[PDB]
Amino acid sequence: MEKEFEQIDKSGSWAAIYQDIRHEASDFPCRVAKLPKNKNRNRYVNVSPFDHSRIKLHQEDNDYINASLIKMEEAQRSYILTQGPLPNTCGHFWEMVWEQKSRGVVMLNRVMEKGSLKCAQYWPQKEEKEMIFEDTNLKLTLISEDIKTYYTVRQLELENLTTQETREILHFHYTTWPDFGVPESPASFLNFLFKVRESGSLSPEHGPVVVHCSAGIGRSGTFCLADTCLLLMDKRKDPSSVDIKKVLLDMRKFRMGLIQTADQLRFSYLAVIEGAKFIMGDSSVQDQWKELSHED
């Protein structure tokens, strides 16, 4: 992957590699997404969940959210990829976190990017001001947060107002990944991915982690691709048995458009090649990513 990396680089062919991926990627219907009744539940016209893998709300009313379950069979890990909640779907979002039993939410975007409102403000920014979403009958409180220079971990309490059951959700917000961009470095990305992992939220005792950006494909696909490649590498301890592009193709069976530019692809080879030093038995690099990243 490291030789492929250098071959690709030497002969300036990331875009064509990426172009091939786009050409190979699956195509499956998104008919419920396109129901007229769901128009205002989608942020982008051109980014939909395929019907086969979409997440259904457990409501009789309208079961539609723009979210997909990415179920990586071999790696044995799933994620739910979703767009940034809209002003009218923040209640659907948290209904889905409750129903799917997720323990973590990864947000890879800011509420504002390039002058636009990429995502509703769907979690509370302070302890005294909880949010209640009447439509799905759920309450959410900030329990605390831990703000780093490039990301923040929130502990959130989610309450199902109908049964009064309560869960803790962890929110990992990467706030320095530009839309249609890459992270500043592999170090700070792996730093952030490993915070997520250490937290327990990836563990198969939970529902699938919710990963989102603005559309739920570019930055998310990047995160997820790196995570699974490292996972696959780990259950074998065998870096050479991972085919990154092929894994991306597996993921795009479950949601379109995963990874939005050829520099995102290239960044994902960089992140997995670096992270393999850790999977391969050198845990001191984790500490190094933490220094490089400048977390504090």
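Heads up: residue numbers just count along the shown sequence, starting at 1.
Averaged over their C-alpha atoms, the temperature factors of 17-25 and 274-282 are higher for 17-25. Per the PDB record, of the two stretches 196-204 and 116-124, 196-204 carries the greater mean B-factor over its C-alpha atoms. When the C-alpha B factors of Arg255, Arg43, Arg236, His52 are read from the deposited coordinates, the top value falls at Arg236. By the numbers in the PDB entry, the CA B factor is greatest at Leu161 among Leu161, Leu108, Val210, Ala215.
When the CA B factors of the chain's modelled residues are split into thirds, the value for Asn137 lands in the highest one. In the deposited entry, the Cα temperature factor of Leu231 places it in the lowest third of its chain's modelled residues.
In the PDB entry, a CA B factor belonging to the highest third of its chain's modelled residues is recorded for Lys129.
Annotation for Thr175: CA B-factor lies in the middle third of the chain's modelled residues. In this PDB entry, the Cα temperature factor of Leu248 sits in the bottom third of its chain's modelled residues, the lowest group.
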